[PDB]
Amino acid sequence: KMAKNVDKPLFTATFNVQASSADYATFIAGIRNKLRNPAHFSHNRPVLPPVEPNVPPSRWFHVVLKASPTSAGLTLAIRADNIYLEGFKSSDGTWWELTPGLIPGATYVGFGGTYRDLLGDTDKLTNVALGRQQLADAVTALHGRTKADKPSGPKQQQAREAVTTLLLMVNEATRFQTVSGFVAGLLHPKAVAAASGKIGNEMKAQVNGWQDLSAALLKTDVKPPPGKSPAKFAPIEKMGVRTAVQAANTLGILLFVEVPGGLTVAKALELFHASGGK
């Protein structure tokens, strides 16, 4: 079934690609803040509300990426429950989708939104150059797409790399303080040489295990039966995350996961609604 409210975003976050590192950090933090379930934090990190059951994805936000403070932005359509990128809007007004048949009126771009779809393998995230120019070039490539272009092998490859670039610099940045901090570290004033960088294996593991890391921290919040010890964090060595404090420093915003003894989908959504959440 088709998604609802794709063009009725709960909020819009906007970033000028030439703006400062501080403004980028502010931009990412604001996304996390607007996505949060105000009734559910873990170690003072925000947790997303659960995914709504019995309905197709009906909660969305937009990210607008601008080449400059005056320029028309590239609009991204992202789910507000799991931060999945599913759509982007080019300058001619065409909505492109990463899943065939998901967004009403949209045109399928020719490939999917998983890293296997985009790179061939999730192990290849360590090969993707990130930085200010890569961000700007990705915005240019996707924003300039027109409905009438004849797709080509090279153009699709360009489009894949552009989507991958944005997924990392927007979506994964939102999910992980490690990734957002890394990207913030690549952004400098014009007086500084152009810079680019690739993520290491720890961040790759984090990106490929968001649910696992979210669940691992959530488990530590479960109050024990009386007369027993608080659950201890189970290390995830591949992510470089051995303790709950490290997990908290790593997680930008947690995916909601039902863990034994914790909130259910229904109860967390009940608390979300009671706190004003939409």
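Start at 1 with the first residue shown and count on from there.
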item	value
Given 73 to 81 and 119 to 127, the range whose Cα B-factors average higher in the PDB entry	119 to 127
Stretch with the higher entry mean CA B-factor, where the candidates are 50 to 58 and 206 to 214	50 to 58
Selection from 165, 177, 157, 171 [criterion: highest C-alpha temperature factor in the record]	157
Which of 64, 245, 67, 29 ranks first by CA B-factor in the deposited coordinates	67
Third of the chain's Cα B-factor distribution that residue 234 belongs to, per the entry	middle
Ranked C-alpha temperature factor of residue 181 among modelled chain residues, by third	lowest
Third of the chain's Cα B-factor distribution that residue 6 belongs to, per the entry	middle
Third assignment of residue 193 from its chain's C-alpha B-factors	lowest
Position of residue 141 among the chain's modelled residues by C-alpha B-factor, lowest, middle or highest third	highest
